[PDB]
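File shown here: my_file-v4.csv, holding CSV, C-alpha atoms.
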chain,number,residue,atom,x,y,z
A,4,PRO,CA,41.1,-22.1,190.9
A,5,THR,CA,42.2,-25.6,189.8
A,6,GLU,CA,43.8,-26.4,186.5
A,7,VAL,CA,42.0,-29.0,184.3
A,8,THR,CA,42.8,-30.6,180.9
A,9,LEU,CA,40.0,-30.1,178.4
A,10,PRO,CA,39.5,-31.5,174.9
A,11,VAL,CA,38.7,-30.0,171.6
A,12,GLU,CA,36.9,-32.6,169.5
A,13,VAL,CA,38.8,-33.9,166.5
A,14,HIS,CA,36.3,-35.7,164.3
A,15,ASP,CA,36.9,-39.4,163.6
A,16,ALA,CA,40.0,-39.0,165.8
A,17,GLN,CA,40.5,-42.8,165.9
A,18,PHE,CA,39.8,-43.4,162.2
A,19,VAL,CA,36.8,-45.6,163.1
A,20,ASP,CA,34.8,-44.2,160.2
A,21,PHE,CA,37.9,-43.8,158.0
A,22,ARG,CA,38.6,-47.5,158.4
A,23,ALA,CA,34.9,-48.5,158.0
A,24,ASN,CA,34.6,-46.5,154.8
A,25,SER,CA,38.0,-47.6,153.3
A,26,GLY,CA,39.7,-44.2,153.4
A,27,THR,CA,36.6,-42.2,152.4
A,28,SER,CA,36.0,-39.4,154.8
A,29,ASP,CA,34.3,-36.0,154.8
A,30,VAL,CA,36.5,-34.9,157.7
A,31,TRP,CA,39.9,-36.4,156.8
A,32,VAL,CA,41.5,-34.9,153.7
A,33,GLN,CA,44.0,-37.3,152.1
A,34,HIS,CA,47.1,-35.7,150.7
A,35,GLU,CA,47.9,-38.3,148.0
A,36,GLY,CA,48.3,-39.1,144.3
A,37,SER,CA,49.5,-42.7,144.3
A,38,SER,CA,49.6,-43.5,140.6
A,39,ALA,CA,50.9,-40.0,139.9
A,40,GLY,CA,53.8,-40.5,142.3
A,41,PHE,CA,52.6,-38.4,145.2
A,42,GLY,CA,52.1,-41.2,147.8
A,43,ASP,CA,49.2,-43.3,148.9
A,44,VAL,CA,46.9,-42.8,151.9
A,45,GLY,CA,44.5,-45.5,153.1
A,46,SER,CA,43.2,-47.3,156.1
A,47,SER,CA,45.0,-50.0,158.1
A,48,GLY,CA,43.5,-52.3,160.7
A,49,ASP,CA,46.3,-51.5,163.1
A,50,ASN,CA,45.4,-49.0,165.8
A,51,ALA,CA,46.9,-47.6,169.0
A,52,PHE,CA,44.3,-48.3,171.7
A,53,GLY,CA,42.0,-50.8,170.0
A,54,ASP,CA,39.5,-48.5,168.3
A,55,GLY,CA,39.0,-48.1,164.6
A,56,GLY,CA,41.9,-48.4,162.3
A,57,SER,CA,44.8,-46.1,161.3
A,58,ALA,CA,45.8,-43.9,158.4
A,59,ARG,CA,48.5,-45.7,156.6
A,60,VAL,CA,50.8,-43.4,154.6
A,61,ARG,CA,53.1,-45.0,152.0
A,62,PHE,CA,54.8,-45.0,148.6
A,63,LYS,CA,53.6,-48.2,147.0
A,64,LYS,CA,56.3,-50.8,146.3
A,65,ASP,CA,54.6,-51.6,143.0
A,66,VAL,CA,54.6,-48.1,141.7
A,67,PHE,CA,57.7,-46.6,140.0
A,68,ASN,CA,56.9,-43.0,139.3
A,69,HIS,CA,57.2,-41.7,142.9
A,70,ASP,CA,58.2,-38.2,143.8
A,71,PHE,CA,59.7,-39.0,147.2
A,72,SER,CA,59.7,-35.3,148.0
A,73,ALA,CA,55.9,-35.5,148.2
A,74,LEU,CA,54.2,-35.1,151.6
A,75,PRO,CA,51.4,-37.6,151.7
A,76,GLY,CA,49.2,-37.9,154.8
A,77,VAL,CA,46.0,-36.4,156.2
A,78,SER,CA,44.7,-33.1,157.3
A,79,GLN,CA,41.5,-32.0,159.0
A,80,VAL,CA,39.9,-28.6,159.6
A,81,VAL,CA,39.0,-28.5,163.2
A,82,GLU,CA,36.7,-25.9,164.8
A,83,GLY,CA,36.0,-24.9,168.3
A,84,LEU,CA,39.5,-24.3,169.7
A,85,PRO,CA,39.6,-21.7,172.4
A,86,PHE,CA,41.0,-18.3,171.5
A,87,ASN,CA,44.3,-17.2,172.9
A,88,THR,CA,45.1,-20.6,174.4
A,89,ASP,CA,48.0,-22.9,174.5
A,90,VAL,CA,46.6,-26.0,172.7
A,91,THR,CA,48.4,-29.3,172.6
A,92,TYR,CA,48.0,-31.2,169.3
A,93,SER,CA,48.9,-34.8,169.6
A,94,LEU,CA,48.6,-38.0,167.6
A,95,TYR,CA,50.0,-41.5,167.8
A,96,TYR,CA,52.6,-42.3,165.2
A,97,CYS,CA,53.7,-45.9,164.3
A,98,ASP,CA,56.8,-46.1,162.2
A,99,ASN,CA,58.2,-49.7,162.2
A,100,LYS,CA,61.2,-48.9,160.1
A,101,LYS,CA,63.6,-48.4,163.1
A,102,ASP,CA,66.2,-45.7,163.8
A,103,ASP,CA,67.3,-45.8,160.1
A,104,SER,CA,63.7,-44.9,159.0
A,105,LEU,CA,63.5,-42.7,155.9
A,106,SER,CA,60.2,-41.3,157.3
A,107,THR,CA,59.8,-38.2,159.3
A,108,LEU,CA,56.4,-37.1,160.6
A,109,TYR,CA,55.7,-33.5,159.6
A,110,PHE,CA,52.8,-32.3,161.7
A,111,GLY,CA,51.3,-29.1,162.8
A,112,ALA,CA,48.5,-26.6,162.4
A,113,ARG,CA,47.7,-24.0,159.8
A,114,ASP,CA,45.2,-21.1,159.9
A,115,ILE,CA,42.3,-20.2,157.6
A,116,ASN,CA,44.7,-18.6,155.1
A,117,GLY,CA,47.1,-21.6,155.0
A,118,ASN,CA,49.8,-20.0,157.1
A,119,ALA,CA,51.7,-22.2,159.5
A,120,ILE,CA,50.6,-21.7,163.1
A,121,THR,CA,53.0,-24.5,164.3
A,122,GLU,CA,55.2,-27.0,162.6
A,123,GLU,CA,56.8,-30.0,164.2
A,124,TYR,CA,58.9,-33.0,163.1
A,125,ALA,CA,59.0,-36.4,164.8
A,126,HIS,CA,61.2,-39.4,164.0
A,127,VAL,CA,60.8,-42.8,165.6
A,128,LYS,CA,64.4,-42.8,166.7
A,129,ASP,CA,63.4,-40.2,169.3
A,130,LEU,CA,60.3,-41.9,170.4
A,131,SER,CA,61.5,-45.1,172.2
A,132,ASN,CA,60.3,-43.8,175.5
A,133,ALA,CA,57.2,-41.8,174.3
A,134,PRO,CA,53.8,-42.8,175.5
A,135,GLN,CA,52.5,-45.7,173.4
A,136,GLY,CA,49.4,-47.5,172.3
A,137,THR,CA,48.1,-50.4,174.4
A,138,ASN,CA,47.2,-52.5,171.3
A,139,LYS,CA,49.9,-51.8,168.7
A,140,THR,CA,52.7,-50.4,170.9
A,141,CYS,CA,54.5,-49.2,167.8
A,142,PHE,CA,52.1,-46.2,168.0
A,143,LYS,CA,54.1,-43.5,169.9
A,144,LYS,CA,52.6,-40.2,171.0
A,145,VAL,CA,53.9,-37.0,169.4
A,146,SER,CA,52.9,-33.6,170.5
A,147,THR,CA,53.1,-29.9,169.5
A,148,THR,CA,51.8,-27.0,171.7
A,149,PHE,CA,50.9,-23.7,170.1
A,150,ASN,CA,48.8,-20.7,171.0
A,151,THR,CA,45.6,-20.4,169.0
A,152,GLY,CA,45.6,-16.6,169.0
A,153,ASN,CA,42.5,-15.6,166.9
A,154,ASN,CA,42.4,-19.1,165.3
A,155,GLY,CA,39.4,-20.8,166.7
A,156,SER,CA,39.5,-23.1,163.6
A,157,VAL,CA,42.7,-24.6,162.4
A,158,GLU,CA,43.8,-27.2,159.8
A,159,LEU,CA,45.7,-30.0,161.5
A,160,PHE,CA,48.1,-31.9,159.3
A,161,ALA,CA,50.1,-35.0,159.7
A,162,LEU,CA,52.2,-35.7,156.6
A,163,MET,CA,55.2,-38.0,156.0
A,164,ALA,CA,58.5,-36.6,154.7
A,165,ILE,CA,61.0,-38.9,153.2
A,166,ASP,CA,64.8,-38.4,153.8
A,167,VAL,CA,64.0,-34.9,155.1
A,168,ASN,CA,67.6,-34.2,156.2
A,169,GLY,CA,69.6,-36.3,153.7
A,170,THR,CA,70.5,-36.5,150.1
A,171,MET,CA,69.7,-40.1,149.1
A,172,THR,CA,68.9,-40.3,145.5
A,173,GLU,CA,65.6,-41.6,144.1
A,174,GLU,CA,67.4,-44.7,142.9
A,175,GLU,CA,68.9,-45.3,146.4
A,176,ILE,CA,65.4,-45.0,147.9
A,177,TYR,CA,63.9,-47.4,145.3
A,178,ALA,CA,66.7,-49.9,146.1
A,179,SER,CA,66.1,-49.7,149.9
A,180,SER,CA,64.2,-52.5,151.8
A,181,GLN,CA,62.3,-49.7,153.5
A,182,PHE,CA,60.7,-49.1,150.1
A,183,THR,CA,60.7,-52.6,148.5
A,184,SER,CA,59.5,-54.3,151.7
A,185,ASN,CA,57.8,-51.6,153.8
A,186,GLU,CA,56.6,-49.1,151.2
A,187,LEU,CA,58.2,-46.4,153.3
A,188,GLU,CA,55.1,-46.6,155.4
A,189,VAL,CA,53.9,-45.1,158.6
A,190,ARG,CA,50.6,-45.3,160.4
A,191,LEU,CA,48.7,-42.5,162.2
A,192,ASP,CA,46.0,-42.9,164.9
A,193,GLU,CA,44.5,-41.2,167.9
A,194,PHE,CA,44.5,-37.5,167.2
A,195,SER,CA,43.7,-35.1,170.1
A,196,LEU,CA,43.6,-31.4,171.0
A,197,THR,CA,43.8,-30.5,174.7
A,198,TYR,CA,44.2,-27.3,176.7
A,199,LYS,CA,44.3,-26.2,180.3
A,200,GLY,CA,41.3,-24.5,181.7
How does the structure come out when it is put into structure tokens?
Amino acid sequence: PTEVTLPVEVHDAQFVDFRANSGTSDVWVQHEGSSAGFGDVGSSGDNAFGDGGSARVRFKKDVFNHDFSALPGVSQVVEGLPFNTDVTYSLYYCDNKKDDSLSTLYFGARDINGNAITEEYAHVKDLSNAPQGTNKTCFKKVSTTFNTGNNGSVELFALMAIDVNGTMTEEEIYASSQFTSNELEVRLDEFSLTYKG
């Protein structure tokens, strides 16, 4: 035999339609509630490899009822994964807020009952040498590998956690340039699922 790398299709994986439709999507589920304080999800023209846009996740700098423990971002129920297979879930993650970034990417897969199959965290401080986009090089590849077991269909998520390992206060976050200037934002593009066959 010879090993090959095979895809499982993620729909609108480059946010082409998401961008064209200004955040509206029947495949991407936004985790958001901007004016209620649970973060904002929308499209950005920035992208990793020149296609579509990206999902921009932020807490708006002109909104002052944020719950910075909220986990805004996107999810998608993806079908057609092979059973009993180590699948690599990747996306490209653009955080421009440097090693001090208050954002951590929280990404993974859940099963049909909402149970975590895999959970992974990624912070830009650890991504300086990761594979990158050819267009916006801030997009860095992040990956998590998990066995599908009996889960041919999974919910992929990619959410943003603020100050996930610290105890900054709400006031300290509001006073930070990462909020007042950058809206604590990150951008997501270029989702993939691969496995070896």
Would you list the residues near (61.0, -39.3, 144.7) (no more than 10 Å away, in the coordinates of the file, using only C-alpha atoms) as an mmCIF file with C-alpha atoms, keeping the file's coordinate frame?
data_model
loop_
_atom_site.group_PDB
_atom_site.id
_atom_site.type_symbol
_atom_site.label_atom_id
_atom_site.label_comp_id
_atom_site.auth_asym_id
_atom_site.auth_seq_id
_atom_site.Cartn_x
_atom_site.Cartn_y
_atom_site.Cartn_z
ATOM 1 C CA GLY A 40 53.800 -40.500 142.300
ATOM 2 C CA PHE A 41 52.600 -38.400 145.200
ATOM 3 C CA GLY A 42 52.100 -41.200 147.800
ATOM 4 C CA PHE A 62 54.800 -45.000 148.600
ATOM 5 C CA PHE A 67 57.700 -46.600 140.000
ATOM 6 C CA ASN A 68 56.900 -43.000 139.300
ATOM 7 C CA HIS A 69 57.200 -41.700 142.900
ATOM 8 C CA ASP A 70 58.200 -38.200 143.800
ATOM 9 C CA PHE A 71 59.700 -39.000 147.200
ATOM 10 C CA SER A 72 59.700 -35.300 148.000
ATOM 11 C CA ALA A 73 55.900 -35.500 148.200
ATOM 12 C CA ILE A 165 61.000 -38.900 153.200
ATOM 13 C CA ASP A 166 64.800 -38.400 153.800
ATOM 14 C CA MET A 171 69.700 -40.100 149.100
ATOM 15 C CA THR A 172 68.900 -40.300 145.500
ATOM 16 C CA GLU A 173 65.600 -41.600 144.100
ATOM 17 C CA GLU A 174 67.400 -44.700 142.900
ATOM 18 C CA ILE A 176 65.400 -45.000 147.900
ATOM 19 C CA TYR A 177 63.900 -47.400 145.300
#
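Residues with at least one atom no more than 12 Å from (36.0, -44.5, 155.8), using only C-alpha atoms, are residues 15, 17, 18, 19, 20, 21, 22, 23, 24, 25, 26, 27, 28, 29, 30, 31, 32, 33, 44, 45, 46, 47, 48, 55, 56, 57 and 58 of chain A.
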### Between CA of residue 59 in chain A and CA of residue 142 in chain A - distance in Å to one decimal
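It comes out at 12.0 Å.
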#### Entry: Point-to-point distance in Å for CA of residue 122 in chain A and CA of residue 11 in chain A
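Separation between CA of residue 11 in chain A and CA of residue 122 in chain A: 19.0 Å.
Nearest to residue 193 in chain A of all the residues A:74, A:127, A:145, A:84 is A:145, based on all atoms listed in the file.
For the pair CA of residue 89 in chain A and CA of residue 199 in chain A, the interatomic distance is 7.6 Å.
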As an mmCIF file, in the coordinates of the input, please: range 38-66 of chain A completed to N, CA and C atoms.
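Below is the file rebuild10.cif, written as the result:
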data_model
loop_
_atom_site.group_PDB
_atom_site.id
_atom_site.type_symbol
_atom_site.label_atom_id
_atom_site.label_comp_id
_atom_site.auth_asym_id
_atom_site.auth_seq_id
_atom_site.Cartn_x
_atom_site.Cartn_y
_atom_site.Cartn_z
ATOM 1 N N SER A 38 49.127 -43.156 141.927
ATOM 2 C CA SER A 38 49.600 -43.500 140.600
ATOM 3 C C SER A 38 50.214 -42.328 139.852
ATOM 4 N N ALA A 39 50.132 -41.123 140.407
ATOM 5 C CA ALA A 39 50.900 -40.000 139.900
ATOM 6 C C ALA A 39 52.172 -39.738 140.589
ATOM 7 N N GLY A 40 52.475 -40.519 141.621
ATOM 8 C CA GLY A 40 53.800 -40.500 142.300
ATOM 9 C C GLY A 40 53.770 -39.694 143.589
ATOM 10 N N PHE A 41 52.617 -39.223 144.066
ATOM 11 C CA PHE A 41 52.600 -38.400 145.200
ATOM 12 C C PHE A 41 52.153 -39.099 146.498
ATOM 13 N N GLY A 42 52.360 -40.413 146.542
ATOM 14 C CA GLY A 42 52.100 -41.200 147.800
ATOM 15 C C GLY A 42 50.701 -41.688 147.829
ATOM 16 N N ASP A 43 50.508 -42.603 148.770
ATOM 17 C CA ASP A 43 49.200 -43.300 148.900
ATOM 18 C C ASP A 43 48.804 -43.188 150.382
ATOM 19 N N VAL A 44 47.525 -42.886 150.584
ATOM 20 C CA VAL A 44 46.900 -42.800 151.900
ATOM 21 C C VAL A 44 45.719 -43.788 151.892
ATOM 22 N N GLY A 45 45.612 -44.599 152.927
ATOM 23 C CA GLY A 45 44.500 -45.500 153.100
ATOM 24 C C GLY A 45 44.378 -45.918 154.488
ATOM 25 N N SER A 46 43.473 -46.851 154.726
ATOM 26 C CA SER A 46 43.200 -47.300 156.100
ATOM 27 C C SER A 46 44.014 -48.624 156.327
ATOM 28 N N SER A 47 44.346 -48.826 157.592
ATOM 29 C CA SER A 47 45.000 -50.000 158.100
ATOM 30 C C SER A 47 44.178 -50.500 159.307
ATOM 31 N N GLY A 48 44.134 -51.817 159.518
ATOM 32 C CA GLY A 48 43.500 -52.300 160.700
ATOM 33 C C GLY A 48 44.236 -52.088 161.991
ATOM 34 N N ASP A 49 45.524 -51.770 161.895
ATOM 35 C CA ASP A 49 46.300 -51.500 163.100
ATOM 36 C C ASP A 49 45.811 -50.225 163.761
ATOM 37 N N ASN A 50 45.894 -50.207 165.088
ATOM 38 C CA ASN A 50 45.400 -49.000 165.800
ATOM 39 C C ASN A 50 46.180 -48.975 167.160
ATOM 40 N N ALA A 51 46.124 -47.796 167.782
ATOM 41 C CA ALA A 51 46.900 -47.600 169.000
ATOM 42 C C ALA A 51 46.226 -48.161 170.232
ATOM 43 N N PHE A 52 44.924 -47.938 170.412
ATOM 44 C CA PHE A 52 44.300 -48.300 171.700
ATOM 45 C C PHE A 52 43.084 -49.234 171.450
ATOM 46 N N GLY A 53 42.966 -49.832 170.266
ATOM 47 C CA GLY A 53 42.000 -50.800 170.000
ATOM 48 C C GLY A 53 40.749 -50.366 169.275
ATOM 49 N N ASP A 54 40.704 -49.090 168.912
ATOM 50 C CA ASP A 54 39.500 -48.500 168.300
ATOM 51 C C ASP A 54 39.857 -48.129 166.848
ATOM 52 N N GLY A 55 38.907 -48.439 165.970
ATOM 53 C CA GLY A 55 39.000 -48.100 164.600
ATOM 54 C C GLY A 55 40.193 -48.701 163.920
ATOM 55 N N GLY A 56 40.706 -47.976 162.940
ATOM 56 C CA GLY A 56 41.900 -48.400 162.300
ATOM 57 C C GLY A 56 42.980 -47.286 162.437
ATOM 58 N N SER A 57 43.763 -47.103 161.383
ATOM 59 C CA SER A 57 44.800 -46.100 161.300
ATOM 60 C C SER A 57 44.904 -45.602 159.911
ATOM 61 N N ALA A 58 45.431 -44.398 159.738
ATOM 62 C CA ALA A 58 45.800 -43.900 158.400
ATOM 63 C C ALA A 58 47.145 -44.382 158.073
ATOM 64 N N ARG A 59 47.248 -45.186 157.026
ATOM 65 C CA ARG A 59 48.500 -45.700 156.600
ATOM 66 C C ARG A 59 49.020 -44.866 155.427
ATOM 67 N N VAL A 60 50.234 -44.336 155.557
ATOM 68 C CA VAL A 60 50.800 -43.400 154.600
ATOM 69 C C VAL A 60 52.041 -44.137 153.984
ATOM 70 N N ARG A 61 52.095 -44.224 152.653
ATOM 71 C CA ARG A 61 53.100 -45.000 152.000
ATOM 72 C C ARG A 61 53.405 -44.557 150.620
ATOM 73 N N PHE A 62 54.504 -45.054 150.057
ATOM 74 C CA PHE A 62 54.800 -45.000 148.600
ATOM 75 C C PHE A 62 54.756 -46.460 148.173
ATOM 76 N N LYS A 63 53.796 -46.813 147.324
ATOM 77 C CA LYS A 63 53.600 -48.200 147.000
ATOM 78 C C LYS A 63 54.754 -48.863 146.338
ATOM 79 N N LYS A 64 55.087 -50.077 146.786
ATOM 80 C CA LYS A 64 56.300 -50.800 146.300
ATOM 81 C C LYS A 64 56.093 -51.248 144.852
ATOM 82 N N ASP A 65 54.871 -51.226 144.329
ATOM 83 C CA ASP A 65 54.600 -51.600 143.000
ATOM 84 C C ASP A 65 54.360 -50.456 142.049
ATOM 85 N N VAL A 66 54.784 -49.268 142.465
ATOM 86 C CA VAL A 66 54.600 -48.100 141.700
ATOM 87 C C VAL A 66 56.003 -47.429 141.509
#
